[PDB]
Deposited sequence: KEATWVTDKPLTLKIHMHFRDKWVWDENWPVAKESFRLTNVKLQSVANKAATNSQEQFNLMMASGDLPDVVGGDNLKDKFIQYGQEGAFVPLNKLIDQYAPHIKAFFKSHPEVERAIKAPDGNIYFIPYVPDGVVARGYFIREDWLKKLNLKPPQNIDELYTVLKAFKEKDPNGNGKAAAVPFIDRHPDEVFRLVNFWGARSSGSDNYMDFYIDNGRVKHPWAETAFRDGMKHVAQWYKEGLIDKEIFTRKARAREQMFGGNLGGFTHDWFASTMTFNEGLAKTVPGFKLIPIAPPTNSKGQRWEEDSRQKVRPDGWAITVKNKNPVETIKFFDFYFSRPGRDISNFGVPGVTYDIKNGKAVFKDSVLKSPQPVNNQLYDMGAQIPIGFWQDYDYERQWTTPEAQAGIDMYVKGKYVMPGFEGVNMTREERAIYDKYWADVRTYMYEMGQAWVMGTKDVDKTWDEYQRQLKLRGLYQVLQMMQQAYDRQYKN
């Protein structure tokens, strides 16, 4: 027995966890065996290993009505709230009060996070992934390519065009100026012509503009930005396979000495300098401040969230609600944050000076440390309290200089934190928003690739947003916002 045991009798719980369109809970994960060893709760993965769409899997699972004991994963918040209210998950408030001292104490100290995750009925239907940190993504450019071509790091959008055009036309390596492992980043490019693409680290999020709730993709600023993005795409400044390359884009495009420029996270993006040192002679990425946009400002639209829309819930089928909440509580305690952030003691880390310290092999490894942790069951989107010291330990000094530059320059835009809708308001949001958003993404794709001309289609686009309920959503969001702020 361990001090962390939540039951004396071993308990197997069925988990449906399908995430990032690729992965399921793997009971072979060292971290999962370590979770079992420390908690005496074993998880049994029932999600389809072959499926390549996480959100449809959750939906089909719900549809089938063959529910497991626990459901977890990414971008589940809205569904945890909707299906919890409908009786598929149980509320957690009273379970937490009585049996989850760590989650309890976390919510009491973070009342804005509690508030962000509650359903209109005041119920907590899930335990969230809680990030730790300040900045998220930044702009990175090939300084070795800047040198080769004798070009200054670009200071504004006119200069960025000129630099990227030069990566294209002058063969600094087949050269592909902009690449990204997140296709949504292509739309974030509208930032350079003074348009938002999001109000938060969640892509295609709402924002507030002088106390008006707006969607960035509805705005004519977005229209004009997108006409430039399509042009850049037409010119091959953007990876032709931007929408399909995905997760391994950096391994492929930087490793193969093809990619010049990206917008990604500081810790992992900057490890490629050490990692690709043997295979690509003199590969050097530098963090750059966001080149000034057409409106005369330097925008970093992205920031680390106080709570992400990911985590896990307890289904109606769970015959062991009490053991389960105690199992969730583990990941909000020191030893649970240890394994879920650091991996396995004696394998990927050891306790030194009262804290988890990654081993030398983990730190010197060419793979980003978070990628190493994914492969073993850690830094995955269950309900857990992230510890930024895990990240600090593999943040290079060069990555840290870049962050400090972002912090000093005040480039990071304030994030949208959500609104607190009533039952009726949130019902409209739930009825429409998913659909609206998928249409927006499909339209944006069409504009970027040149399938549709932004100007000839902007009006039918507005028409569509209207009959797809977007403006009805915004009005309900505006009502909730005004109740709270104005």
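In this chain the deposited sequence has gaps in the coordinates at 174 to 178, 492, listed in sequence order.
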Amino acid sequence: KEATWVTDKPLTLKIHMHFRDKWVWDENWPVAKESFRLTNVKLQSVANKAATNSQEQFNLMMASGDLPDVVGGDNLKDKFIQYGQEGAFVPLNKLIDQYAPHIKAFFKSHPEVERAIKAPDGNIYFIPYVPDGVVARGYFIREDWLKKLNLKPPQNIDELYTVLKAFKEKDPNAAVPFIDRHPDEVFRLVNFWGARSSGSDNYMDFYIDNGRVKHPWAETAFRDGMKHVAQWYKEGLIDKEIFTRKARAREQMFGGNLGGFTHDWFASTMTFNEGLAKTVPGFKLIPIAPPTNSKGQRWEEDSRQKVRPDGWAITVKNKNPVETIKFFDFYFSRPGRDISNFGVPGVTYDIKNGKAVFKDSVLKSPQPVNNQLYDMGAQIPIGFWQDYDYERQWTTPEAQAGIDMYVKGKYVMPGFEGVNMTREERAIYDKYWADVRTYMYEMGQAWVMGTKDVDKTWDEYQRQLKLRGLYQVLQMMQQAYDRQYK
From here on, numbers count along this sequence of modelled residues.
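Legend: mean Cα B-factor per stretch from the PDB entry, 105 to 113 versus 274 to 282; the higher mean is in 274 to 282. The PDB entry records a higher mean C-alpha B factor for 456 to 464 than for its counterpart among 456 to 464 and 433 to 441. Ranking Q379, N173, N191, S200 by Cα temperature factor from the entry places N173 first. Across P335, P128, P120, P366, the greatest Cα temperature factor reported in the deposited entry is at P366.
When the modelled residues of the chain are ordered by C-alpha B-factor, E300 sits in the lowest third.
In the PDB entry, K22 places in the highest third of its chain by CA B-factor. In the deposited entry, the Cα temperature factor of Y207 sits in the bottom third of values across the chain's modelled residues. Sort the chain's modelled residues by C-alpha temperature factor and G84 lands in the highest third, per the entry. Compared with the other modelled residues of the chain, the Cα B-factor recorded for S35 ranks in the lowest third.
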